[PDB]
Amino acid sequence: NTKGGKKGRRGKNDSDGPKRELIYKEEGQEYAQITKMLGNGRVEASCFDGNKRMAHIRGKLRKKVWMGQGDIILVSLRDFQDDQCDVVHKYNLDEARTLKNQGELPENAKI
Amino acid sequence: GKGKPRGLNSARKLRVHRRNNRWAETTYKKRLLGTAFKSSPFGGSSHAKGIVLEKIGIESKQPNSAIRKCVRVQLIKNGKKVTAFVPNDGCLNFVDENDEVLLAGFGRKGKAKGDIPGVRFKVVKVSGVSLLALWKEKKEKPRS
Amino acid sequence: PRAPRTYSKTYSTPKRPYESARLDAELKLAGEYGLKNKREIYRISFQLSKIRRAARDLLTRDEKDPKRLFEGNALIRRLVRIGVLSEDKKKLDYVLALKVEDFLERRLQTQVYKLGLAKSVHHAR
Amino acid sequence: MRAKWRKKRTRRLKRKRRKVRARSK
Amino acid sequence: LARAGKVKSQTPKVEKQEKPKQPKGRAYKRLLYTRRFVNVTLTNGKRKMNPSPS
Amino acid sequence: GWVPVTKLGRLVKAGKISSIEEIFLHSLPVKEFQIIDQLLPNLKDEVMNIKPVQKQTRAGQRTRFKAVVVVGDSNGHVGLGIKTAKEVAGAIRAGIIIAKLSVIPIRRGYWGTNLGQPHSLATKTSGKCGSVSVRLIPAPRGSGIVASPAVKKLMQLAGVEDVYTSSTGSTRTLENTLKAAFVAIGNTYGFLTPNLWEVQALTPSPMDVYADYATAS
Amino acid sequence: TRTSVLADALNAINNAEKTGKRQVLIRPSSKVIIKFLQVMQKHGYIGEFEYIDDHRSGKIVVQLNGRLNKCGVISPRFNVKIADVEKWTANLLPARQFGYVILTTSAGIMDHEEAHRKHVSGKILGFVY
RNA sequence: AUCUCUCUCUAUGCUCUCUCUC
RNA sequence: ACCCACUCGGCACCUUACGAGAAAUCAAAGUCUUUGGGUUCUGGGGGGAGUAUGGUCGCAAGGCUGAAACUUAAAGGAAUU
RNA sequence: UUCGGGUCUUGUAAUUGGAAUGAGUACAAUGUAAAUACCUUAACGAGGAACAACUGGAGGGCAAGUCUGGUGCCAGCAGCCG
Ligand SMILES: [Mg+2]
Ligand SMILES: [Mg+2]
Ligand SMILES: [Mg+2]
Ligand SMILES: [Mg+2]
Ligand SMILES: [Mg+2]
Ligand SMILES: [Mg+2]
Ligand SMILES: [Mg+2]
Ligand SMILES: [Mg+2]
């Protein structure tokens, strides 16, 4: 079971596990809380840095991993542009908590 | 019984009918209303040049994905804001803002290419150097 | 200015560029008669096509009309002078046929190789 | 979608526009 | 990073081979003809041209 | 195992007929492809197109292949066939058989100058399978068969020197186009022209004359 | 109203041919139609035509061979010039040489070949084959 | 001329795609 | 008033195809590649759109007339599993 | 009888040669208002590395690879399908 059982979910197979290794920060890539989940693949997500941004879903997670409101997310910022940016990796709740404990992200937002 | 008139002295009417009908052929209408000059940023022209405002990486249409990379162009002749796509991989690293650039169509008689919405024009000659040449080493651009 | 300096196209490009059989035929002809350019073959075909057109026009005008008597005869004579057309074959229908192979055979490229002098077509060229 | 409804909506919009124009005048 | 200029910045540029000079114009055409219509060992089967290491 | 079932077939086997022309004249119910092979010696088996075809029934698709076959010599009589089947080769074979059974002659016509040897087409000839309409306008000597590649191939198989064609409808349905062409060709001989005019009296059928040899009792 | 009588007659003839019927009845008939029929007979496209050309308008009955294929008209009777006759033939006649384009010329109503022989073109009236 | 005559809520659902050799 | 025989005129059927259809179907949607019996009127991918602008006709509501920019590679017809 | 000669002619590979050439150069002569360039022409001029052909493509449409490494719904192609 993934979302709603279905006749049309057995033709997919998801492989990641709940016990997966947490992904760290990169260059031109940082952490965001989701302000409001917008339509058509767009999403309003406030970064942990201090900029408002406009986040966008790029492939991969577009159907595989569903997302909600107020989630800690990996965003690779546009190197040429700035206002439009893209989501790369969704973080789990446990994962988020671990990150918070570590102090890798700034302590400003709650899960 | 063949709706169009077929008489020997029936000619004028026929001609007028044909004329009237012609006005529904889209191409003909485009040619004759002057929409080639009145509307459209490339006003009758084939290879308009302009300058870069913003470097938006426009997200593509469906079945496909990926961020596509385009350029906001202020045309030098008319001065309309234009969304124009840049060919090849990371040619954006040769464009830069406030740089003069020559543009072309898309083998589409106007319209838009099969993945990029809003985009109508290829960026072809960045500062009169041409992008293809830049891509395959060949020639170097004036920049500094 | 001067004016009457007119430049003629002399060859026809085929309407379908990858119609395979045609291409193969062209290649074969090139192989046979040593040809740098497919435009050479095309050129010759264009010439032949022009001749054919003329012949067709003549045929359109009825049997033993003045035009037919003149122009057709002239064409036949011209062909005989080049060679190509056989001496038995002087009746416009033959002209309409003529193939494509014959024009690539009555030309210096082949005509040198025809009696010897080279022992190869490329050599002759 | 029904076309009649669309037509009705369009008519309503037109009416509104007319009213606006009148007000402006 | 999903940034412009990938692939060509990543892939190692393996240089062009020396190779003996493949002929021109007429000669090239002749060579092509020889390759395709003179002999071909695949007489029985198909009129295929380009093969594979398979 | 070349044993015939029909009487005509039996007759052909025995060797008391060597002419397909006679058969064409008397319009005979041929249902064995053997007959054509026996009489018409050299005929080129040519496959035009293999269309994938489906009927989506509950558990996935059902891929059948439709092959188009144009058979014939290079002098007058031309064969035409179509078959949907599971395996492709088998389908092709079936099509070939059908084409052979079909085989129809052409009234290979002229232009005016005559001179010699059966040339191109008799008349402006037409036929429609679907929307597709095929013209056959008899083209002067050397004016190479101008047509859809498929139609050109068919003409070549038939043994026509030079023809103009004109298309109408959606010709992208190649099978339909081919069918139309076949129909047009058929029409050529089924047309009254001053070369016919003078009536020739009816000759008795080989089926009626050699009836004693066709039956084994 | 029936506008072109000749056209209607030709249509009737064509229908009869299609059927396989070996007799017609042309309803209003007369003059032009008669001449057309005569021309056809000259080459033997129709067998024998007989009219009860009575005290009214005329009614033609055509006992025909059936060898005729099609026989057209064109009621916008175009003024044919001596050169574009070839073009017309190409358009209308099936074969290059079999069949007859009917011309109403100053010299009289006859086929195309005959017109050519006299070197007088006129107006197209119809065609057979 | 032989019928006979039954009954109501129930909203939505996002995860691709496929040909051969004749 | 009935019954048969005929017609003439009308609304319609049923049967076939021997035609025409892309088919479903059609005694006309037939005589249309063998393409011109006469004439009017309309349509030229879908959407934007019967919208915006004018004009008019209207007490008004609206009707007549009627775009373009842009926008996509389909929308749609009939049949089939 | 188990080859074979390759008896007759070709295709094939850096191998190795024996003969031509104009393109540049050019004494000059011609050309020409004067000189270019061409037409003529004595001297120098090719061993693949030279005296160097690119331009597009290779799923179909449409000729041409279920080759080799990289990227991994990213970068990108692609007129439309994809
Ligand atoms: Mg599974
Ligand atoms: Mg439209
Ligand atoms: Mg208005
Ligand atoms: Mg649809
Ligand atoms: Mg020189
Ligand atoms: Mg290349
Ligand atoms: Mg191919
Ligand atoms: Mg490429």
# chains A, B, ... in the order shown; residues from 1 in each chain; ligands from 1
>>> residues_near_ligand(ligand="ligand 4", cutoff="12 Å", atoms="only C-alpha atoms (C1' of nucleotides) and all ligand atoms", output="list in words")
residues 46, 73, 74, 75, 76, 77 and 78 of chain I
>>> interface_residues(of="chain I", to="chain D", cutoff="12 Å", atoms="only C-alpha atoms (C1' of nucleotides)", output="ChimeraX atom specification")
/I:49-52,60-62
>>> residues_around(residues="residue 71 in chain B", least_positions_apart="3", cutoff="7 Å", atoms="only C-alpha atoms (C1' of nucleotides)", output="ChimeraX atom specification")
/B:52,54-56,83-85
>>> interface_residues(of="chain C", to="chain E", cutoff="12 Å", atoms="only C-alpha atoms", output="list in words")
residues 23, 24, 25, 26, 27, 28, 29, 30, 31, 32, 33, 34, 35, 36, 37, 38, 39, 40, 120, 121, 122, 123 and 125 of chain C
>>> write_last_selection(atoms="C-alpha atoms", output="PDB file, in the first residue's frame")
ATOM      1  CA  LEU C  23      19.401   6.871 -55.599  1.00  0.00           C
ATOM      2  CA  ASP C  24      20.725   3.354 -56.159  1.00  0.00           C
ATOM      3  CA  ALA C  25      20.326   3.745 -59.918  1.00  0.00           C
ATOM      4  CA  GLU C  26      22.221   7.038 -59.807  1.00  0.00           C
ATOM      5  CA  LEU C  27      25.008   5.445 -57.783  1.00  0.00           C
ATOM      6  CA  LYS C  28      25.228   2.555 -60.253  1.00  0.00           C
ATOM      7  CA  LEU C  29      25.481   4.991 -63.150  1.00  0.00           C
ATOM      8  CA  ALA C  30      28.235   6.907 -61.347  1.00  0.00           C
ATOM      9  CA  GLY C  31      30.123   3.665 -60.740  1.00  0.00           C
ATOM     10  CA  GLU C  32      29.812   2.672 -64.376  1.00  0.00           C
ATOM     11  CA  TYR C  33      30.828   6.018 -65.850  1.00  0.00           C
ATOM     12  CA  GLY C  34      33.091   7.630 -63.185  1.00  0.00           C
ATOM     13  CA  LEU C  35      31.298  10.680 -61.777  1.00  0.00           C
ATOM     14  CA  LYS C  36      32.476  13.260 -59.231  1.00  0.00           C
ATOM     15  CA  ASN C  37      29.067  14.831 -58.930  1.00  0.00           C
ATOM     16  CA  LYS C  38      25.529  13.478 -58.881  1.00  0.00           C
ATOM     17  CA  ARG C  39      24.779  16.896 -60.415  1.00  0.00           C
ATOM     18  CA  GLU C  40      26.463  15.540 -63.577  1.00  0.00           C
ATOM     19  CA  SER C 120      39.717   2.318 -66.451  1.00  0.00           C
ATOM     20  CA  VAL C 121      37.097   5.096 -66.333  1.00  0.00           C
ATOM     21  CA  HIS C 122      38.690   6.956 -63.420  1.00  0.00           C
ATOM     22  CA  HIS C 123      42.020   6.717 -65.288  1.00  0.00           C
ATOM     23  CA  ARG C 125      38.881  11.009 -66.272  1.00  0.00           C
TER      24      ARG C 125
END
>>> residues_near_ligand(ligand="ligand 5", cutoff="9 Å", atoms="only C-alpha atoms (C1' of nucleotides) and all ligand atoms", output="JSON, numbers by chain")
{"J": [22, 23, 38, 39]}
>>> interface_residues(of="chain I", to="chain G", cutoff="7 Å", atoms="only C-alpha atoms (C1' of nucleotides)", output="count of residues only")
5
>>> residues_near_ligand(ligand="ligand 8", cutoff="12 Å", atoms="only C-alpha atoms (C1' of nucleotides) and all ligand atoms", output="list in words")
residues 87, 88, 89 and 132 of chain B; 56, 57, 58, 76, 77 and 78 of chain J
>>> write_last_selection(atoms="N, CA and C atoms (P, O5', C5', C4', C3', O3' and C1' of nucleotides)", output="PDB file, in the first residue's frame")
ATOM      1  N   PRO B  87      19.645  27.596 -27.828  1.00  0.00           N
ATOM      2  CA  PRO B  87      20.014  26.219 -28.176  1.00  0.00           C
ATOM      3  C   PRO B  87      21.307  25.742 -27.515  1.00  0.00           C
ATOM      4  N   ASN B  88      21.562  24.437 -27.638  1.00  0.00           N
ATOM      5  CA  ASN B  88      22.727  23.732 -27.070  1.00  0.00           C
ATOM      6  C   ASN B  88      22.863  23.775 -25.528  1.00  0.00           C
ATOM      7  N   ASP B  89      23.861  23.062 -25.008  1.00  0.00           N
ATOM      8  CA  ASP B  89      23.977  22.804 -23.572  1.00  0.00           C
ATOM      9  C   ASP B  89      24.825  23.854 -22.858  1.00  0.00           C
ATOM     10  N   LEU B 132      26.494  28.401 -32.536  1.00  0.00           N
ATOM     11  CA  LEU B 132      26.992  27.110 -33.005  1.00  0.00           C
ATOM     12  C   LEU B 132      28.514  27.081 -32.978  1.00  0.00           C
TER      13      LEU B 132
ATOM     14  P     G J  56      26.467  22.068 -39.814  1.00  0.00           P
ATOM     15  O5'   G J  56      26.179  20.499 -39.853  1.00  0.00           O
ATOM     16  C5'   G J  56      25.050  19.911 -39.178  1.00  0.00           C
ATOM     17  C4'   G J  56      23.994  19.478 -40.171  1.00  0.00           C
ATOM     18  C3'   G J  56      23.271  18.183 -39.823  1.00  0.00           C
ATOM     19  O3'   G J  56      22.103  18.448 -39.058  1.00  0.00           O
ATOM     20  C1'   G J  56      24.189  18.001 -41.993  1.00  0.00           C
ATOM     21  P     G J  57      22.029  17.993 -37.522  1.00  0.00           P
ATOM     22  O5'   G J  57      22.442  16.453 -37.582  1.00  0.00           O
ATOM     23  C5'   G J  57      21.566  15.403 -37.118  1.00  0.00           C
ATOM     24  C4'   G J  57      20.983  14.631 -38.281  1.00  0.00           C
ATOM     25  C3'   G J  57      20.980  13.114 -38.116  1.00  0.00           C
ATOM     26  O3'   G J  57      19.687  12.684 -37.698  1.00  0.00           O
ATOM     27  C1'   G J  57      22.204  13.709 -40.061  1.00  0.00           C
ATOM     28  P     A J  58      19.514  11.773 -36.387  1.00  0.00           P
ATOM     29  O5'   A J  58      19.937  10.325 -36.898  1.00  0.00           O
ATOM     30  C5'   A J  58      19.092   9.573 -37.790  1.00  0.00           C
ATOM     31  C4'   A J  58      19.764   8.281 -38.192  1.00  0.00           C
ATOM     32  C3'   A J  58      20.268   7.407 -37.047  1.00  0.00           C
ATOM     33  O3'   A J  58      19.234   6.563 -36.554  1.00  0.00           O
ATOM     34  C1'   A J  58      21.988   7.683 -38.647  1.00  0.00           C
ATOM     35  P     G J  76      21.227  22.815 -20.745  1.00  0.00           P
ATOM     36  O5'   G J  76      20.999  22.459 -22.282  1.00  0.00           O
ATOM     37  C5'   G J  76      19.912  21.612 -22.701  1.00  0.00           C
ATOM     38  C4'   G J  76      20.449  20.408 -23.433  1.00  0.00           C
ATOM     39  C3'   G J  76      19.735  20.078 -24.735  1.00  0.00           C
ATOM     40  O3'   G J  76      20.258  20.825 -25.822  1.00  0.00           O
ATOM     41  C1'   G J  76      19.789  18.147 -23.393  1.00  0.00           C
ATOM     42  P     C J  77      19.294  21.263 -27.020  1.00  0.00           P
ATOM     43  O5'   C J  77      19.887  20.447 -28.252  1.00  0.00           O
ATOM     44  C5'   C J  77      19.050  20.059 -29.349  1.00  0.00           C
ATOM     45  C4'   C J  77      18.943  18.557 -29.414  1.00  0.00           C
ATOM     46  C3'   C J  77      17.841  18.038 -30.315  1.00  0.00           C
ATOM     47  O3'   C J  77      18.253  18.028 -31.681  1.00  0.00           O
ATOM     48  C1'   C J  77      17.820  16.850 -28.260  1.00  0.00           C
ATOM     49  P     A J  78      17.522  18.976 -32.761  1.00  0.00           P
ATOM     50  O5'   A J  78      16.803  17.944 -33.744  1.00  0.00           O
ATOM     51  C5'   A J  78      16.422  16.614 -33.321  1.00  0.00           C
ATOM     52  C4'   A J  78      14.926  16.502 -33.115  1.00  0.00           C
ATOM     53  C3'   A J  78      14.079  17.703 -33.517  1.00  0.00           C
ATOM     54  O3'   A J  78      13.894  17.749 -34.927  1.00  0.00           O
ATOM     55  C1'   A J  78      13.322  16.841 -31.445  1.00  0.00           C
TER      56        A J  78
END
>>> residues_near_ligand(ligand="ligand 7", cutoff="8 Å", atoms="only C-alpha atoms (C1' of nucleotides) and all ligand atoms", output="PDB file with N, CA and C atoms (P, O5', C5', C4', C3', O3' and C1' of nucleotides), in the first residue's frame")
ATOM      1  P     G J  60      15.107   4.863 -38.599  1.00  0.00           P
ATOM      2  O5'   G J  60      13.715   5.273 -39.256  1.00  0.00           O
ATOM      3  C5'   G J  60      12.653   4.306 -39.397  1.00  0.00           C
ATOM      4  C4'   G J  60      11.320   4.920 -39.040  1.00  0.00           C
ATOM      5  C3'   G J  60      10.787   5.956 -40.014  1.00  0.00           C
ATOM      6  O3'   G J  60      10.179   5.314 -41.128  1.00  0.00           O
ATOM      7  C1'   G J  60      10.452   6.679 -37.770  1.00  0.00           C
ATOM      8  P     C J  62       9.372   9.612 -46.344  1.00  0.00           P
ATOM      9  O5'   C J  62      10.495   8.571 -45.892  1.00  0.00           O
ATOM     10  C5'   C J  62      11.430   8.022 -46.842  1.00  0.00           C
ATOM     11  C4'   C J  62      12.853   8.196 -46.355  1.00  0.00           C
ATOM     12  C3'   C J  62      13.251   7.370 -45.135  1.00  0.00           C
ATOM     13  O3'   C J  62      14.487   6.699 -45.381  1.00  0.00           O
ATOM     14  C1'   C J  62      13.765   9.654 -44.769  1.00  0.00           C
ATOM     15  P     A J  63      14.497   5.137 -45.766  1.00  0.00           P
ATOM     16  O5'   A J  63      15.994   4.884 -46.248  1.00  0.00           O
ATOM     17  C5'   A J  63      16.525   5.500 -47.441  1.00  0.00           C
ATOM     18  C4'   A J  63      18.038   5.538 -47.396  1.00  0.00           C
ATOM     19  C3'   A J  63      18.669   5.223 -46.038  1.00  0.00           C
ATOM     20  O3'   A J  63      18.956   3.834 -45.921  1.00  0.00           O
ATOM     21  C1'   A J  63      19.431   7.333 -46.793  1.00  0.00           C
ATOM     22  P     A J  64      18.364   2.980 -44.689  1.00  0.00           P
ATOM     23  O5'   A J  64      19.653   2.678 -43.801  1.00  0.00           O
ATOM     24  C5'   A J  64      20.954   2.488 -44.393  1.00  0.00           C
ATOM     25  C4'   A J  64      22.010   3.198 -43.577  1.00  0.00           C
ATOM     26  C3'   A J  64      21.874   3.070 -42.061  1.00  0.00           C
ATOM     27  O3'   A J  64      22.554   1.914 -41.578  1.00  0.00           O
ATOM     28  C1'   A J  64      22.170   5.352 -42.664  1.00  0.00           C
TER      29        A J  64
END
>>> residues_near_ligand(ligand="ligand 3", cutoff="9 Å", atoms="only C-alpha atoms (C1' of nucleotides) and all ligand atoms", output="list in words")
residues 52, 53, 54, 55 and 66 of chain I
>>> write_last_selection(atoms="C-alpha atoms (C1' of nucleotides)", output="PDB file, in the first residue's frame")
ATOM      1  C1'   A I  52     -13.743  42.879 -28.213  1.00  0.00           C
ATOM      2  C1'   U I  53     -14.516  47.060 -31.469  1.00  0.00           C
ATOM      3  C1'   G I  54     -17.596  49.668 -34.544  1.00  0.00           C
ATOM      4  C1'   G I  55     -22.048  50.200 -37.098  1.00  0.00           C
ATOM      5  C1'   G I  66     -18.450  40.328 -37.179  1.00  0.00           C
TER       6        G I  66
END
